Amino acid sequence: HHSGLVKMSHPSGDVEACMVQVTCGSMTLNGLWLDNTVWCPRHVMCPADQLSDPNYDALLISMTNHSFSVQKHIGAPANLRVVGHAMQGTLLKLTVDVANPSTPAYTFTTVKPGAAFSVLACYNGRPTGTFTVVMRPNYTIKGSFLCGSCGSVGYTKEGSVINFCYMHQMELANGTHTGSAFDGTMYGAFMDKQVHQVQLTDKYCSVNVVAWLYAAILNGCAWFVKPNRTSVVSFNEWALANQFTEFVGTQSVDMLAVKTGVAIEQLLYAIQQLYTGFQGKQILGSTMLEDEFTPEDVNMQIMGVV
C-alpha cells in the first residue's frame, strides 16, 4: 500500500520570475531579484585562483557599481543597472535601478533543523529543476547541486507569502550541501572559502520520525504501536545518548495524535524499540527509520490539513 507521501515542492513559478544571472569580472552565478535588490553569494567577487583565502572586505572595496552585470534571461529578459552594492555576511546586496515587477509577497527567515523547504536549482540564471530537502541537524542539506548552482534559492510558502530561507554556497566533503540565510550567515559553522572544513555529526530528526510513524498509522500500518509509553523527558535523555535530536512537540504533531488516537509517547517508545532493529518487518516499505518527512508534510499530503 503506497503511503501517499512524496517529496513535494511548492510550485516554483513565482520564484522563477525572480532568478537572474550575476557576473562580476570572470565569475558568474545566480542571484535573486526582489524589489530594487539583487542578492547573490559574495564569492562571485573572488578570482578563481584565490577562492582558498579571499579577503572579501578588500574585494568589496575594489568593486564599483559598474563591476557587476545582472541579467534576467527567462520571461521578459532584462539587463539591470546596478546603482549600489553592499556586503552582508556571505551575500552581496546589489541595488538595481528597476524594481522587479514580478516581486511576490515575501519574507526572509532562517530554517531550523528538521524543517523542509523547496529549492529552485538554477544555472546561469536559468531555473533547471526543483526538489525539497530537510535542513539536517548538522546544518547541511542532501541536495543536488553542480558547478554554477551557487545562488540557487530555497524557500517555503505560507499562503501567498514566499519565505526565502536559503542561498546555495557550497558542497561539503561528504557530498552534502550548505548555504546562507538572507541575513548573510552561513548555516552551521561553515565558511565560504574553498578549503576542506570540519562538518559536524548528523542525527535522526525525532519529530520527523514521529510524523512518519503517524503516516504509517494513517495508512493502516500499525504493528509497531504498543500500549507502552515513553515520556518526552525520558525520550530526550535517551535521544542524547543515541544520536537522535530531542523531541519538541508541535500543534502539527498533536493533530496527527488526535486523528489517529495514538499518543506521541507511544511512538517515542516505538522509536526506541525500532532503533534496535525492525526484526525483519517493514514500515511503509522501509526497514529503517525515515526522518525526511515533517509533521506538516504528513498533515498536508494525507489529511489535506494546511
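If you superpose the two forms and keep the largest set of C-alpha atoms that fall within 1.5 Å, you have the rigid core. All residue numbers refer to positions in the sequence shown, first residue = 1.
- Superposing the other copies on the rigid core and comparing 274-282 to 35-43, farther C-alpha placement in 9 other deposited structures of this protein marks 274-282.
- Taking the root mean square of CA deviations in 9 other deposited structures of this protein after fitting on the rigid core, 153-161 and 228-236 differ, and the farther of the two is 228-236.
- Compared with the other entries of this protein, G89 is consistently built, present in every one of those that build its neighbours rather than absent from a third.
- Across the other compared structures of the same protein with both neighbouring residues present, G148 carries coordinates in every case, with no third of them leaving it out.
- According to the PDB record, 191-199 carries the higher mean C-alpha B-factor of the two stretches 213-221 and 191-199.
- If you average the C-alpha B-factors over 179-187 and over 79-87, the higher value belongs to 79-87.
- Of the candidates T294, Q282, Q21, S12, the PDB record gives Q282 the highest C-alpha temperature factor.
- Compared with the other modelled residues of the chain, the Cα B-factor recorded for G31 ranks in the lowest third.
- The deposited CA B-factor of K142 belongs to the lowest third of values across its chain.
- The PDB entry assigns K226 a C-alpha temperature factor belonging to the highest third of its chain's modelled residues.
- In the PDB entry, a CA B factor belonging to the middle third of its chain's modelled residues is recorded for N299.
- For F247, the recorded CA temperature factor ranks within the middle third of the chain's modelled residues.
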